[PDB]
Each structure stands twice: as structure tokens, then as C-alpha cells.
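Everything below concerns the one structure shown next.
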Ligand SMILES: *[C@@H]1O[C@@H](CO)[C@@H](O)[C@H](O)[C@H]1NC(C)=O
Ligand SMILES: OC[C@H]1O[C@H](O)[C@@H](O)[C@@H](O)[C@@H]1O
Ligand SMILES: [Zn+2]
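Numbering (the deposited numbering), first residue to last: 31 to 1045.
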């Protein structure tokens, strides 16, 4: 294994380093507004050294944006693909590249058999070429790496089966900034080349000047370079035709032949395209070749890429003809005029890359190495695209919930082969596709139109239901005596119980377990643990009585705590936000202990009076002017008091102090230790009253945030043996700090209401001496060092927080982990902040044509980890990466992959078993089984099960490692006949494994394995 901590990679371009040196001045560069007047030596190309030009036709198709997926498919995309089929069929020299497999599968599935055969033939012969081949072209900021892999696999699996092809070149022209998570996954999935477009205009200018637009992109911790993927960054402002032939869009627009009038398009530079004829071809070629040669100066080989397309292009018949015919006239003249020393043709992306590497292999060019990311994107001036890190946060949170449900459903059902009647494969495919779709750069980003957002939500809700069905059928099968097991595959044996989605105050969706001495004395519940190690976690259920005790299936008592069910109401009468307690239901909380990748059964039993092993939380309502809060049968009376500072300690854990406003003030790690100042504060950003307005994409604050005026909020304190909390009703936020004896859990019920042109931020203020340094993660995969740059505006210092962020000094670290992607920063030494929601009245001129006014209540969840780090082995000052501690990593897992909870849905579960997976290896804490998926249907003689194994890297801080078992995924299922290492998509075998044993992977590495079994 490479050491990912101690060796700083030597790269030609390191993006943090580059950022620190670059000036970012937005000067008018001339016709190339953000560059300079490119000059070239006309003698550079000659008879023995021509410029080879590849014109690559394309059509950018959004799986939802202004219209829904189905709306665009009917109105645009089906016609684009129908016309691509006809035109490439009829014109053997024409070429086309296709990215979005969601649309292609939809199209192909509907084709008659004759047309399917024509399609396969134009793919086989190289005319139509798939680039990337993911279900979508995903967002790279907010997306979890697990979902990037999911959508990639979904599209490429379809492509393999039906098209007999696996793309090795990637095309990402529209995501708003770019992540190194992409080459990480792609290089581990057989890719050899990738292309990106949306990077900061200053970065384009800088890399162009050094001819560093093509580079070997390696991971920030990769000293050796085996992660490297050849990357082509496009140089200009857009992927559109005007910004792809060369530096001058006034000229380039004249070679978009769709802009002459009849298609209702034109050139904003006031010079139209003209039909090419024998009388203008020479002057037209003069102009075009001059653009090409200027573009070529920015790169190192004699092979030039010329994208030809735009959004939903190549729709009409006549469009194909007008582009093709005019370009071919230009090619015939240009190629036959020796003095140009050019050979131009239509090409695909792979053709371009193949030729580039041929040039490379002939000693013609050597490429620079690079590490780092390409956030935060600005396309012009101070217009930084940090708004979409937060936009539509409800759906961002939903993404993470569905992420886990898909994993849990695939894992739980993978243990068995299923009859076709069970419709397991069907339900899983549906869920994978809907989650995959949401990865689109207008999905999770929250940059789609309101009705499109609703469509994504509906699609995700159906996916959730599908996952629930598969999960509960799987639990019933895994925990029932086989000779008793009697499935009705449409029946609900268990209902899922999710405490945090949609969340208390968002939706009353949770069922109460209804017990009574005259109705039902007891209820079986089951916990699932998708993680490959033994796990304890507190779990809660609603019950119709506070007199309930908990046992395991050996009938051993389990210590439990009962608390009231509190809901917060903005009372329009009193104008306060205050809690009401249920008089008919209660929360029972207990510690579940569940095997690695396994299940554990418990029983909740009613009694007449207080059970021996159940305790009751005290409650304290802090408020001037209190009124009574009756709690039905709850055995302990609510106390009242004037607002005051409070202090709480659960277990042996930290002691937390709170202000009289109910907000964290300090954390004391142990009995003796200092009360370390850690203050939560809620603030608000506004919008500019003139100049550019914030929208779904852009964050353009009118200065630093101002404190939310809190008034005298109502604070509710609940104190229990197992769990305590402080909740406070703030304007727009019910803020909750929960304690269970380790790092606190934070929950925000965020309802921005009708507060227009407001962004709500949650800030942490400490005295940690972090200076201008902070760390944020990329796609839940890695943590990257950020440096606050005061030479950049506030919105430029905002970064994606897809899963976590931290600050540290020599001695102390504060880490905030999230259960949802949001935007955030550290705008001053000792601070962390993260945006909660934003409501914007105006459009920000990127095509959406609307503000963001469709906010809905969302339960944000976090863990807050204060640690001493003076004993930790950290990377040197010059290393671009950071690493979590064991505790911070476990905290992230608790948010993203909690125990799943199942309530048995009938009165009696006949043949119930107590446990599943007690013999599963409990693997080292840094290792995860990210994916377990059965890859064959029941009729396959040889069964195959695919596993994705990921190892993170945790800091060595002097905690001795616990004894753990080697995890060999190929022996998790019986009767193994083969173990293969594969690409991460499972589509290519890379290594036949001796002894049928799957090795564990190295820190920061990800491997895939497929075990084969005799049926
Ligand atoms: C898939 O493509 C090829 C491998 O590159 C052929 O070897 C193989 O026959 C093909 N499968 C077909 C054409 O059905
Ligand atoms: O301007 C932002 C915008 O870029 C492109 O035009 C699109 O195709 C969209 O997906 C995206 O939202
Ligand atoms: Zn797009």
C-alpha cells in the first residue's frame, strides 16, 4: 500500500498551490473575452506535420431541467435519436457522440426490431459512439461517490447487454465545476480518457498559457500515479458552437449552420452563418482554419478537438443536412489546399483521444501531471456557482436517504436467489434508475423547474417504496424458520420505521406500535446493520403506552428509556414557536446490537405499571409565561422555568453547555478538561438590490451574514439516562442538540417560510487557531484542504459540503458531519458555517427562468465532533489532503448508513428467529462493503454476487486497534466456485483470484469482486 499521509505527491499542477499564486483578475482579453489575442507561427504546420482536426457532433440532453425527463423525451430527444439513426444510417461518413443512457435506453426499448438492428450496426461500425455511458452526466459537487458509481454502472450495464460496448472515454460538458472523484471511479472502471468543460475562467486562462489543458489527473494523495487519468479541459466559456471552434465567438458563430433564420436562431455577434458555396469557400476556410490554429496553440499535439453541438441539437432532419453539407464543403476545400497543412474530418471522442496518444507515443508531446479539484466554478466576473450546493435542500437530503435504502435493499435481498414472481429484480432496477436519474446535474443540484423538481421527488418516493418492499420481504425470509416461511410477495410482513425521514415536523408518517392488555401485549421489531462490523446504536419507536419493556429473543431484558413525543407548532395565535406533547404516544429508546451486515430481533411488551428496565426522561420547559403541558399516561410531570443557561452530560461522554437561548456554548470533553468555547449561531444572507441577483445556481450575497433576531425563544430540555436533548424554536428553525454519550447529533427542522431573498446559515464559532485553512469532502470520498482567499469574494470561498467539514490547529479539531449535501465555508479563523436553505425571488440568468420559491420544511441532520488531535499523525503542512479520526468517521456512518428498523405488521410472527449474520466477519473499522448486489437471476446455473469494497484512511492518534477479522467477500456466500476482481461496474474481469479469496484493499482504495456459486 501507498502511504496516503506522509508522502506529498510531486505534481506539475497542484490546484491549491495554483490558487494561492493566481491573481484572478477579470480583464478584457479582446474577442476571447477571458483570455488574450492568440498568436501562432504559420510555419508550425507543414506537409510533414499537418494539423489533424476532429469535428465531433453532439447534442446535450438534460434528463429533466425546464421540462421533465418524459416531456423532453417526447418533445425533443426521441426526435434527435430517431434522426441520428436515419442520418448516420444514410451517411456513412457522419459521426455522433451520445452521453445520457437514460434517454438512449428509453428510445432503444421502443424501437422495432429492424431499427434496433440498424442502431447496433451504426454503433458497431463507429459512427455513433457512447461517451461515459452513465445513466446521466452527474453533478460532481453534491453527488455521493456511491451514487456516481451506481448511475455509471446502470448505464454501462445497459450498454454492455444491448449495444455490446463499454465506453472508455468520458464526456462531462455541463456539471458546474469538476471533482477528482470522477477520474478516481472512471480509471477504476476501465476508462482511459476524460473531458471536462465548466471550470473557472481564470483557471482556463492560466492552464491555456502553459498549455496545461491536457493533463494526467491523479488523486491528491497519490504519490506513485496509478490513479492518473488523461484529461482534456476545453479552453473556452461554453461548449456551444460559438465557443468551440476557436477564441472568437463572432467568427465561430458563423459556422453554426443552424443559425441562419428558419430555425429561429441567430448570432448575438450580429454576423450570421452563410451557406458555403464554391464562391465563398476559400474566404470561409481562411477564417475557420485561422480559428482552429489559434485553438491548437493552447494544446501540445497536432491533433485538435472541435466539438460541434449545443443543447438538444440535431433534432430536425434539415438540421443534420445543413450542418453536414456545409462542413463537408469546408473539409473538401481545406484538405485539398496544401498551404493550410490541415486534415479535417468528422470524428468521435475516442478517435480524438486515440490520435492524441499516438502523437504522444511518437515523442511529439509530454503531458503535465495535476492533482486537485475544480471548485468553486465562476463562468464570469464574480458570478460563483456556490448557490446550487444548497438549492432545494429537501431533495438533497432525500438523495442520501434513498442512497442508503438502495444499498440496504440490494444487500438484504442479495443473500438469496428469488423467484421471478417476487419481483425483486424489477423493484431494485426501478429504485436504482430513479436514484441514478436524480444524480443529473439539474437533479440533486436543485436547478430544475418547480414541476421538474416535483417529478424527481415523485420518482424518488416510488423508489423508496420499492426499496421498503424488497427490504421487508428479505427480512421475513432471513429470520423465519425455512419450513415455516410462506411468502406472499405482495404482502407487507414489516413496515419500515425511519426516525429522520421525512422527519418529525416534516411529515407524520411513522406508525405507532399499538399495544394494550385487551388488544396486543407485544410486538417484534427487527434492526438491520448494512455495515460490515458489529454495531450498537440507539433506536427509537413510537408506542401507545409508556409502560413498555424491551427484551431480545433470548428474553434477556434490554435497558430502555421512554420520552414524550414533542412536536413544534408556530402558533399563529400567540405568535410563538412552542412544543406540544402527545397524550397518546411515546418514544421508547434502547440500544440495539446487530451483527456485521446482519439482523437482530427485539420484543416490546406492555405492562400495567413502570417496568423494571425502563426509565423515564424528565422534561423542562424554559419560557417566561408558561402554561401546562399534560402528557397523558407519562409518569413524570413537565417542569417549568425562566430561560437560563443549562449543562448536560449523557453517560461518560462530553458535557455540553447551552446559552439561555438553547444554543451550544461550550463542550467539555472529560470531568477535568476545559469548557472549550463552541457556539452555534444562526445568521442570514440577503441578495443585492442592484447588480447580479442570487438564484438557483449563483450565490451573490449582499455582504457578510447578519444574526437572526431570536427574541426570547422557547427551550425544551429532555434529560434521560440513555438520551438527553435541548431543542429551541427559532425563527425558521427548530434547532435540536441530541446527546447519547458521544459526539452530539444536531437536527434542524428548517422552514424558511415566505422569507424572500434570504439564505439561512448555521455557523460554529470557536477559538481554534485555524487561520485561513479548512477541510471539506469531495463526494463523501475524500477530504481536501481549502484555503480561504480574501483576494476572492465571499461566494468564491463557499465549497460543497457533501458529507463533512473541519477546522483544526496544533491541538484541537472541530468536525461537522452532514446527512445531506449543503454549501459551506470557514470565513474566519475558528469558524465553520453551512447553509440550511435559501429562498430567492429572482432568476440568475443561467436558463432556469425562475427563482427558488418552492421551499418546504426539511430535517437537516449532523454530528458535531470536538477532538484533541495533538497526538495524531497528520499530513505535513504541504500535503493537499486531510483525514478523519475514527470517531468522526463512525459519526459520518451513523448519519449516512444508520440501522434500519422494521416493525412486524401482523399480531404473530410464526417461526421468528433472533438473529442473522452472527457469523459474518467483523471487519476493520476503515473498511466498508459499499455495494453487495446479486448480478444473476434465479434461472442462471452459475450465480454471481458483486461486491464493492472501499477502505477509507483514518488518523493514527494512539488508540490501539481492536481485534478484527479479515473480510473475504467471496466466501460470504456458500459453495463458491470462483472469485474475480472486476472493474467497479462489474463489467470486466481483471484478475482470477487464487483460493477464491478476495484480498482486502489499501487505504483510500476501492476494489470490486464477483463471487460465482454453483446453484
Ligand atoms: C461483442 O463485440 C466483440 C468484442 O469486442 C465480439 O468479439 C463479440 O462477438 C461481440 N458480441 C456480439 C457481436 O454479439
Ligand atoms: O446554465 C446552466 C445549465 O447549463 C446548460 O445549458 C444546461 O444544459 C443545464 O443542465 C444547466 O442547468
Ligand atoms: Zn445540462
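Virtual Cβ for every residue (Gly too), placed ideally from N, Cα, C.
Per DSSP, cross-strand counterpart(s) of residue 1041:
Residue numbering aside, residue 1041 sits at position 1011 when the chain shown is read from its first letter. Answer is 975 and 1009.
Looking only at its own chain, which residues have a Cβ that is under 8 Å from the Cβ of residue 552, when we skip the five neighbours before and after it?
Along the chain shown, read from residue 1 onward, the residue named residue 552 stands at position 522. Excluding its 5 nearest sequence neighbours in each direction, residue 552 has C-beta neighbours in its own chain below 8 Å: 545, 633, 634, 635 and 636, listed in chain order.
Closer than 8 Å: residue 103 CB and nearest ligand 2 heavy atom
Taking the first residue of the chain shown as 1, we reach residue 103 at position 73. Not so, every heavy atom of ligand 2 lies at least 8 Å from the Cβ.
Since residue 835 and residue 853 are thought to touch, with beta carbons under 8 Å apart, how far apart are those beta carbons, to the nearest angstrom?
In the chain shown, the residue the question calls residue 835 occupies position 805. In the chain shown, the residue the question calls residue 853 occupies position 823. Cβ atoms of residue 835 and residue 853 stay farther apart than 8 Å, at about 10 Å.
Residue 592 vs residue 569 beta-carbon contact at 9 Å:
Within the chain shown, the letter at position 562 stands for residue 592. Within the chain shown, the letter at position 539 stands for residue 569. Contact annotation: residue 592 and residue 569 have beta-carbon atoms that are not nearer than 9 Å.
Considering Cα atoms alone, identify which of 550, 470 and 306 is closest to residue 1064.
Nothing can be reported for residue 1064, as the shown portion of the chain is limited to 31 through 1045.
For ligand 3, is there a heavy atom less than 8 Å away from the beta-carbon of residue 167?
In the chain shown, the residue the question calls residue 167 occupies position 137. Within the cutoff, so yes.
Jot down the residue ranges of each uninterrupted beta strand (DSSP E) in the region 210-249, minimum 3 residues, whole runs only, in chain order.
Taken in chain order, the complete beta strand (DSSP E) segments of 3 residues or longer contained in the region 210-249 are 223-226 and 244-247.
Can you list, in chain order, the residues of its chain with a C-beta nearer than 8 Å to that of residue 364? Leave out the 5 residues immediately preceding and following it.
One-based indexing of the chain shown puts residue 364 at position 334. Hits under 8 Å: 315, 318, 319, 370, 372 and 374.
May I ask which residues mark the beginning and end of the beta strand (DSSP E) holding residue 556?
Translated into the one-based positions of the chain shown, residue 556 becomes position 526. Start and end: 552-559.
Start and end of the alpha helix (DSSP H) containing residue 454?
Against the chain shown, residue 454 aligns to sequence position 424. Per DSSP, residue 454 belongs to the alpha helix (DSSP H) from 454-468.
Whole angstroms is fine: what's the gap from residue 922's alpha carbon to residue 435's?
Translated into positions along the chain shown, residue 922 becomes position 892. Translated into positions along the chain shown, residue 435 becomes position 405. So the alpha carbons of these two residues sit roughly 16 Å apart.
What do you reckon, are the CB atoms on residue 889 and residue 534 nearer than 9 Å?
The residue given as residue 889 occupies position 859 in the chain shown. The residue given as residue 534 occupies position 504 in the chain shown. Yes, the Cβ-Cβ distance between residue 889 and residue 534 is below 9 Å.
Just how far apart, CA to CA, sit residue 519 and residue 980?
Counted from its first residue, the chain shown places residue 519 at position 489. Counted from its first residue, the chain shown places residue 980 at position 950. Residue 519 and residue 980: Cα-Cα distance of roughly 33 Å.
Can you list the residues near ligand 3, meaning Cβ strictly closer than 6 Å to any non-hydrogen atom, in the order they appear in the chain?
For ligand 3, residues qualifying as neighbours are 90, 92, 204 and 471, where qualification means a beta carbon closer than 6 Å to at least one of its heavy atoms (chain order).
The region 44-63 contacting the region 219-227, beta-carbon criterion three pairs below 8 Å:
Result no; under three Cβ-Cβ pairs closer than 8 Å.
Do residue 56 and residue 21 have their beta-carbon atoms positioned less than 9 Å apart in this structure?
With the chain covering only 31 through 1045, there is no way to say anything about residue 21.
Using 9 Å as the threshold, is the C-beta distance between residue 183 and residue 934 below it?
Residue 183 sits at position 153 when you count from the first residue of the chain shown. Residue 934 sits at position 904 when you count from the first residue of the chain shown. No.
At 4 residues or longer, and completely inside the region 31-83: list those alpha helix (DSSP H) runs for me, N to C.
45-51, all fully within the region 31-83.
According to DSSP, is residue 834 part of a helix, a strand, or is it coil?
Within the chain shown, the letter at position 804 stands for residue 834. Strand.
Residues near residue 290 in its chain [Cβ-Cβ closer than 7 Å; skip 5 each side]:
The residue labelled residue 290 in the question sits at position 260 within the chain shown. So the list reads 302 and 303, once near-sequence residues are dropped.
Is residue 489 helix, strand or coil by DSSP?
Within the chain shown, the letter at position 459 stands for residue 489. In the three-state reduction of the DSSP assignment, residue 489 falls in the helix class, which pools H, G and I.
Unbroken alpha helix (DSSP H) run spanning residue 385, endpoints:
Position 355 of the chain shown, counted from the start, is the residue given in the question as residue 385. Residue 385 -> alpha helix (DSSP H) spans 379-391.
Shorter than 8 Å, the distance from the beta carbon of residue 194 to the closest heavy atom of ligand 1, or not?
Along the chain shown, read from residue 1 onward, the residue named residue 194 stands at position 164. True, at least one ligand heavy atom lies under 8 Å from that Cβ.
Would you give the residue range spanned by the alpha helix (DSSP H) that residue 343 belongs to?
Locating residue 343 in the chain shown gives position 313, where the first residue counts as 1. Careful: residue 343 lies outside any alpha helix (DSSP H) and carries neither H nor E.
Please give the ranges of any alpha helix (DSSP H) in the region 242-318, keeping only runs that are unbroken, at least 4 residues long and fully inside the region.
279-282
Do residue 126 and residue 88 have their C-beta atoms within less than 9 Å of each other?
Position 96 of the chain shown, counted from the first residue, corresponds to residue 126. Position 58 of the chain shown, counted from the first residue, corresponds to residue 88. Judged by their CB atoms, residue 126 and residue 88 are nearer to each other than the 9 Å cut-off.
beta-carbon residue 898 near ligand 1 non-hydrogen atom, thresh 8 Å
Locating residue 898 in the chain shown gives position 868, counting from the first residue. Residue 898: no, Cβ never under 8 Å from ligand 1.
Which partner residues does residue 399 have in the DSSP bridge list?
To locate residue 399, count along the chain shown from 1; it is residue 369. Answer by DSSP bridge pairing, in chain order: 246.
Please report how far the alpha carbon of residue 440 lies from the alpha carbon of residue 467, in whole angstroms.
Mapped onto the chain shown, residue 440 falls at position 410. Mapped onto the chain shown, residue 467 falls at position 437. Distance between the alpha carbons of residue 440 and residue 467: 18 Å.
How many angstroms separate the CA atom of residue 998 from the CA atom of residue 539?
The residue labelled residue 998 in the question sits at position 968 within the chain shown. The residue labelled residue 539 in the question sits at position 509 within the chain shown. If you take the alpha carbons of residue 998 and residue 539, they lie about 39 Å apart.
Beta-carbon proximity of residue 613 to residue 661, cut-off 9 Å:
One-based indexing of the chain shown puts residue 613 at position 583. One-based indexing of the chain shown puts residue 661 at position 631. Yes. Within cutoff.
Nearest-angstrom Cα distance between residue 797 and residue 705?
For the purposes of this step, residue 797 is taken as residue 767 along the chain shown, with counting starting at 1. For the purposes of this step, residue 705 is taken as residue 675 along the chain shown, with counting starting at 1. Cα to Cα, residue 797 sits roughly 12 Å from residue 705.
Kindly indicate which residue of 627, 622 and 666 has the alpha-carbon position closest to the one of residue 611.
The residue you call residue 611 lines up with position 581 of the chain shown. It is 666 whose Cα lies nearest to the Cα of residue 611.
Measuring from the CB of residue 95, is there a heavy atom of ligand 2 at a distance below 8 Å?
Position 65 of the chain shown, counting from 1, holds the residue named residue 95. Yes, the Cβ of residue 95 comes within 8 Å of a heavy atom of ligand 2.
Ligand 2 and residue 877: does the residue's C-beta get closer than 8 Å to at least one heavy atom of that ligand?
Here residue 877 refers to the residue found at position 847 of the chain shown. Because some heavy atom of ligand 2 lies under 8 Å away, the Cβ of residue 877 counts as near it: yes.
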